[PDB]
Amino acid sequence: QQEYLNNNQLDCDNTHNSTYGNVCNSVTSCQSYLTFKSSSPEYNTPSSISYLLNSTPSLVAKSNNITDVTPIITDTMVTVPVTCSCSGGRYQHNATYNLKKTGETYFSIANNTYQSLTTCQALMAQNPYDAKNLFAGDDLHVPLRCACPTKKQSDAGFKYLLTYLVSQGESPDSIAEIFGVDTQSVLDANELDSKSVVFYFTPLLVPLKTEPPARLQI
């Protein structure tokens, strides 16, 4: 279980503990997954998506049953295998991001470029630049959100946790059905209950019993 981000990442001045990352509460390192929506023309191949998220093109290709050079149709949600590890008391998967345009902000990088796979708060905490001193060509340390199954989750049969970018219309019920797991396992993984509002566009942890399906929309 990890705290649910609960839209606290939408205000860069918000200081809720969840915004600085999942908490290191299990094994120091594990295999994990992110999700990411293909974006044309910059992030729509295994090469460019892996470059943004620090995976490998072969891992992205195999995870989605495509080749490592296959163009991915815009808005397709793909799975991205990554190593999740503990750093500074948090679980995260490191990536590096070079700003392309002077005008990009900590928030635009977290919310738009990385599709809320990281937060403004974690970016600011792990980079030296002032929010008013970012220029094209600056490299950012990007702490992508992932977690490793706790002992209790492992004992329940979950081999991985997957960081799931919730889309319009989706619910814990419908997301659990994609991965063939119980709705209650999804709720428990995020410390939610059936009355909790699950926000669109905010990452949600999904515990997995096996590797994710190659196509999420099936």
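We number the residues from 1 along the sequence you see. In this text, rigid core is short for the largest set of C-alphas that superpose within 1.5 Å between two forms.
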Query raised in the report: Taking C-alpha RMS after core alignment, which stretch differs more from the shown form in 4 other deposited structures of this protein: 128-136, or 68-76?
Result: 128-136
Query raised in the report: Mean CA B-factor: is it higher for 172-180 or for 58-66?
Result: 172-180
Requested in this report: Return whichever of 45-53 and 154-162 has the greater mean Cα B factor according to the PDB record.
Outcome: 154-162
Query raised in the report: Quick one: which of 185, 38, 35, 31 has the biggest Cα B-factor according to the entry?
Result: 185
Query - CA B-factor placement of residue 199, once the chain's modelled residues are sorted into thirds - result: lowest
Query raised in the report: Based on the entry's values, in what third of the chain does the Cα temperature factor of residue 75 lie: lowest, middle or highest?
Result: highest
Requested in this report: Sort the modelled residues of this chain by their C-alpha B factor and say whether residue 144 lands in the lowest, middle or highest third.
Outcome: lowest
Query raised in the report: Considering only modelled residues of the same chain, in which third does the CA B-factor of residue 116 rank: lowest, middle or highest?
Result: lowest
Requested in this report: Sorting the chain's modelled residues by C-alpha B-factor, tell me whether residue 89 ends up in the lowest, middle or highest third.
Outcome: highest
